[PDB]
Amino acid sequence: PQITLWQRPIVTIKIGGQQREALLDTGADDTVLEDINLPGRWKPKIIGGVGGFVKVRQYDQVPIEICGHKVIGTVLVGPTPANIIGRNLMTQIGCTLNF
């Protein structure tokens, strides 16, 4: 499918057996979600963006389904004004930019 950008490219994802909404974000290296609790061990991490940096939890090898794909990747959990699906996952689902 094709997604035009006149609106935010929001998609539904499934992680931890629950559904959430997230933004397909080509400007994001990593995936950051704020409204979920993930199980197990994690690594502290710091990411930076417009406005400054913030501390988040890095969960590795997290199973997640986006669009119609079931992939595994790193998911950062922490403060963010919007759930973001980064390139680390967009590449695995075959999402590309075209013009």
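Start at 1 and count along the sequence shown; that's the residue number.
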| property | result |
| --- | --- |
| Stretch exceeding the other in mean C-alpha B-factor - 55-63, 37-45 | 37-45 |
| 69-77 or 24-32, whichever carries the higher mean Cα B-factor | 69-77 |
| Per the PDB entry, maximal CA B factor within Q2, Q7, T96, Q92 | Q2 |
| Modelled-residue ranking by C-alpha temperature factor, third containing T12 | middle |
